[PDB]
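This report refers to the structure that appears directly beneath it.
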Amino acid sequence: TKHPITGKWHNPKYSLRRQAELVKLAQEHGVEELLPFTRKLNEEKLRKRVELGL
Amino acid sequence: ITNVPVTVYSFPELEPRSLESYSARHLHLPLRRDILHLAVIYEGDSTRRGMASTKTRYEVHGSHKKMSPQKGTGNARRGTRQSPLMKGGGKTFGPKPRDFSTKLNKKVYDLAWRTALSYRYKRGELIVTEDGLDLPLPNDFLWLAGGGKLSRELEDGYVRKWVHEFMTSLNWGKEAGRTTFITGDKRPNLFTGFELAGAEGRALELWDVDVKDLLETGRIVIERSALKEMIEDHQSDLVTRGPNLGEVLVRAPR
Amino acid sequence: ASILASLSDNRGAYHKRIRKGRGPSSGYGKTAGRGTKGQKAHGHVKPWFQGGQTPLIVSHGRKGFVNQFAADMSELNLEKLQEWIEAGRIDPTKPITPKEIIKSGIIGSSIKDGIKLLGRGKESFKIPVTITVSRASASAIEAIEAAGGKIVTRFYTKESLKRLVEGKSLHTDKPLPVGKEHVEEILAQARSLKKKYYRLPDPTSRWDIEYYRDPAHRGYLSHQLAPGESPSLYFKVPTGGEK
RNA sequence: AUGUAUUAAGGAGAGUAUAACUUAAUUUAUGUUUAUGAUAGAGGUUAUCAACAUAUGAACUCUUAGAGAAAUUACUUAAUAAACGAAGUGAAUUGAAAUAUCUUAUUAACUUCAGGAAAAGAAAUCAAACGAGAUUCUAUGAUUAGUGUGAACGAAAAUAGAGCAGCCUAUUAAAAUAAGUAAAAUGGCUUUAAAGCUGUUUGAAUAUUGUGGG
RNA sequence: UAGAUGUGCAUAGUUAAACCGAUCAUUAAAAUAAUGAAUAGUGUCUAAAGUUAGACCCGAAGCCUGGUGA
RNA sequence: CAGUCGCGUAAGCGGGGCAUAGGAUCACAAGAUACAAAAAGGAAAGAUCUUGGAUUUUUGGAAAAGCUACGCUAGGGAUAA
Ligand SMILES: [K+]
Ligand SMILES: [K+]
Ligand SMILES: [K+]
Ligand SMILES: [K+]
Ligand SMILES: [K+]
Ligand SMILES: [Mg+2]
Ligand SMILES: [Mg+2]
Ligand SMILES: [Mg+2]
Ligand SMILES: [Mg+2]
Ligand SMILES: [Mg+2]
Ligand SMILES: [Mg+2]
Ligand SMILES: [Mg+2]
Ligand SMILES: [Mg+2]
Ligand SMILES: [Mg+2]
Ligand SMILES: [Mg+2]
Ligand SMILES: [Mg+2]
Ligand SMILES: [Mg+2]
Ligand SMILES: [Mg+2]
Ligand SMILES: [Mg+2]
Ligand SMILES: [Mg+2]
Ligand SMILES: [Mg+2]
Ligand SMILES: [Mg+2]
Ligand SMILES: [Mg+2]
Ligand SMILES: [Mg+2]
Ligand SMILES: [Mg+2]
Ligand SMILES: [Mg+2]
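Now the structure itself:
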């Protein structure tokens, strides 16, 4: 999220490691539909491969 | 015959009430002294503590200065004071804390368990009974002991007298070897009775039995459920692909 | 008398203990089998030492290299595959996959980098089966099809072969499709399973892709080729003619 | 010797009921249970013939105000060892059957700083086309990959066990997301040539709508 | 109850190595032309051993670091 | 034995010299081989075969001067006073 006043790209609140622990913890209780868009989402990982491939 | 019968008795009266059938590879194995030896000796290496320790010349206290000059004094040239040749020097190859336990194949350890269980079966020293294998202590004594009227000195003095005269009538006491009672769970009357009168036998829990404990007394008095769980946990060599394990031939006449 | 006082190991198991330095009559007395005042008596000689003469590995040198990238296949022959079916340890009616080849014991208790089907005993093999392995010899591919069976060579790794035995990955004889006309159907399947299954990897390197791209190995990527097309990703079949 | 639990500043001088400990050197009170305990008397020096639990009086001098030849002076309700930890500096014996690179060795030692522990820590991490998901401790992986003329030195992924915890609104108060920085040349360190540390001289870019590191 | 999990060795040989495979390697194309290599392992105990550790025991002169003493 | 060349009518001979007196590995360099390529496509650095430069002349392959009557230690006394 680029800051308006400072023009600096604030690092995401949850790091890519922690984003994978939320997607892995949410998928255990069937709550993966409530998390916002994440590259670690199991559906995003699969969709990106089928769409574009290697 | 492939299978061998096992008569189940009622413990107090020893009345044959049921008949079970086990395979010959469970209670009719040949007597292998070499395999029974490896197992009994494999259990002794595990119960050993092996904490003995000794100080070498590199651990004995003191300074590592040279005692006497290399030459000039006329006496034998000496180095440090912690050498084994000195009075308070260290033992070179002395004991040290290490592990004495050895290894024994699970299949060879199970064959040794069923060989010690068959050595008792063929000699008639394996007396299986029904469940609830506890000493039938008199009801009056149990009512007084639980109530608290009886002091400890009398509560113990009675258990010792009754267990001695109860085991002598059965020819199961010190005058005839001894007996070992193996039960699944801990029963107060039994385990407490053989804690005050130990000369008449002992009691053990299924998990507290070794191959050396089956061979250490005159007789083995085991429960039906205990035996079915004892031979079912030590048939690794057999169950590899079943055999008769508790097959009932004559049912208890309810 | 007592049993515990009458046990012992067979005499053939016990051997003499040689305690050196315990008298002349023992036979290992003063010198302790060391000789008389040499280097082997006072100290220790380096094992690699030859007295000064250069070793042959320094006079000739080490020959070759050790390939650290080669795959460690789990060799499987047809002579042994037929024995497991006659014994009832492998169901020939169902597809024989690495999960059922590793759990049966035919290849052993070690999961290596793959499974290759070889052609030992290919003359007495007449059981129609549907097997799937990582590789197969030329004599094992035609021996499986001569009896009326089907064989397919898929791409596996050491990690993917372990997930198949653990049930963390479902086996499939097809590669992952590519394109936007497959997302709706592939994503549909994932939700229905109601579990987190891992996907089997597809080849990425040139050699790996080419091996499973030709029909000679019955590769599962052979359907991507045209009859005149070659498996190699670089070379092409030249055209015969005068022009 | 190992394991478990608990605890986290140590010593000396002199004096004193010689089991009793501080010039008060055997203080004074509470509650409970007392032979079915706990684990119908004699006895205050002919003593402490009562254990548990909770309180309580007193507790000198030096180390340890300043000075000095510590336990003195002179004043005053002046007061904290060792081992363990991090960083800095950094050998030699030894092996290579000599010996320079190397090994011994990110060792011993010393120096500073800090706490009951410290350090480290929630990926500019590893993986390889599948994915894993902070740090620390133990074993395997591994006399392996690799390095080196050699002698020798020596990972990581992963697996198992001990513990498990995540966050910035950190349960104790911290960022308006990082510029002389990343990086380059050169001199060294570490090491496999990468990554990492560094003196000198120089010197970038701004997010997957593909900017930056590996 | 049910399913999974936890080092390893052997089951296939061959070459420097992969491909290959009861066949493989050299023969700059291949081919019985020649030559070599093919079939019970694994665990445990008792004993003797190789390797690395003080390494069967005792014994130097010396070298380095930190301190002490006029 | 395979490959393919010379000489000879032919048989056949030829893998230097009538015989006996010219050292490897490592590194480095020039050709071939198509083996492996540390995410992947290449490459670098490796691997096989052929070959070259050596008083590597201590020629099974260290880059190497002396003194000690002030000498030290461990030994032998291969005779050294
Ligand atoms: K010997
Ligand atoms: K001698
Ligand atoms: K040398
Ligand atoms: K190596
Ligand atoms: K670097
Ligand atoms: Mg010393
Ligand atoms: Mg001693
Ligand atoms: Mg033993
Ligand atoms: Mg012998
Ligand atoms: Mg002799
Ligand atoms: Mg000898
Ligand atoms: Mg000798
Ligand atoms: Mg030499
Ligand atoms: Mg002072
Ligand atoms: Mg003072
Ligand atoms: Mg390790
Ligand atoms: Mg940043
Ligand atoms: Mg830098
Ligand atoms: Mg880079
Ligand atoms: Mg960097
Ligand atoms: Mg092999
Ligand atoms: Mg590459
Ligand atoms: Mg790379
Ligand atoms: Mg020579
Ligand atoms: Mg010679
Ligand atoms: Mg002589």
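Protein chains in written order, with the authors' numbering: chain b, 55 to 108; chain D, 62 to 302, 312 to 324; chain J, 47 to 289. Just so it is clear, CB atoms sit at the ideal spot from N, CA and C, and this is done for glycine as well.
Using a Cβ-Cβ cut-off of 9 Å, residue 276(D) is close to 48, 49, 50, 53 of chain J, given in chain order. Cβ contact annotation for residue 252(J) (same chain, cutoff 8 Å, sequence separation greater than five): 279, 280, in chain order. Around the beta carbon of residue 319(D), a 10 Å sphere encloses fewer than 16 other beta carbons of the protein chains shown; the residue is thus reported as exposed. If you look at residue 250(D), you'll find it in the alpha helix (DSSP H) that goes 249 to 257. In this structure, the straight-line span from the alpha carbon of residue 223(J) to that of residue 268(J) is close to 14 Å. Within the segment 232 to 256 of chain J, the residues whose Cβ lies closer than 7 Å to any Cβ of chain b are, in chain order, 232, 233, 236, 242, 250. According to DSSP, residue 66(D) shares a beta bridge with 82(D). Secondary structure in the segment 119 to 186 of chain J: the beta strand (DSSP E) runs of 3 residues or longer, each lying completely within the stretch, are 119 to 123, 160 to 164, 176 to 179 in chain order. Secondary structure of residue 196(J) (DSSP, three-state): strand.
Taking 9 Å as the cut-off between beta carbons, the residues of the segment 75 to 95 of chain b near chain J are 78, 81, 82, 84, in sequence order. DSSP places residue 59(b) outside both helix and strand once states are collapsed to three, so it counts as coil.
In this structure, residue 207(J) and residue 142(J) do not form a Cβ contact; the two beta carbons are roughly 14 Å apart against a cut-off of 8 Å. Here residue 266(D) is bridged, per DSSP, to 244(D). For the pair residue 261(J) and residue 124(J), the Cα-to-Cα distance works out to about 21 Å. Shortest gap from the CB of residue 157(D) to any heavy atom of ligand 7: 7 Å or more.
Judged by the Cβ position, residue 84(J) fails to qualify as a neighbour of ligand 13 at the 7 Å threshold, every heavy atom of the ligand being at least this far. At a cut-off of 8 Å between beta carbons, residue 224(J) contacts chain b. Secondary structure note for residue 210(J): it is in no beta strand (DSSP E), and the uninterrupted alpha helix (DSSP H) holding it is 204 to 212. Between the segment 163 to 174 of chain D and the segment 83 to 99 of chain D there are three or more C-beta pairs closer than 8 Å, enough to call the two in contact. Between residue 172(J) and residue 217(J), the C-beta gap is not smaller than 8 Å, which leaves the two residues out of contact. With its beta carbon at least 8 Å from every one in chain D, residue 123(J) lies outside the interface.
Per DSSP, reduced to three states, the secondary structure at residue 317(D) is strand.
Per DSSP, residue 93(D) has no beta bridge partner at all. Apart from sequence neighbours up to five positions away, the residues of its chain that approach residue 179(D) with a beta-carbon distance below 6 Å are 88, 89, 90, ordered along the chain. Excluding five sequence positions before and after residue 119(D), the CB atoms of its chain that fall closer than 8 Å to its own CB belong to 143, 151, given in chain order. Shortest Cα-Cα distance from residue 201(D) to any of 195(D), 192(D), 211(D) involves 211(D).
In its chain, beyond the 5 residues on either side, 262, 278, 279 have a beta carbon closer than 6 Å to the beta carbon of residue 239(D). With respect to the 8 Å criterion, residue 284(D) and residue 244(D) are classified as neighbours on the basis of their beta carbons. Taking CB atoms only, residue 228(J) has a neighbour in chain b less than 8 Å away. A direct Cα-to-Cα measurement between residue 89(J) and residue 128(D) gives close to 25 Å. In the DSSP assignment, residue 278(J) is bridged to no other residue. Leaving aside the five residues that flank residue 64(J) on each side, the residues in its chain whose CB is nearer than 8 Å to its CB run, in chain order, 74. In the three-state scheme derived from DSSP, where H, G and I count as helix and E and B as strand, residue 265(J) is classed as strand. Within the model, the alpha-carbon separation for residue 258(D) versus residue 210(J) is close to 60 Å.
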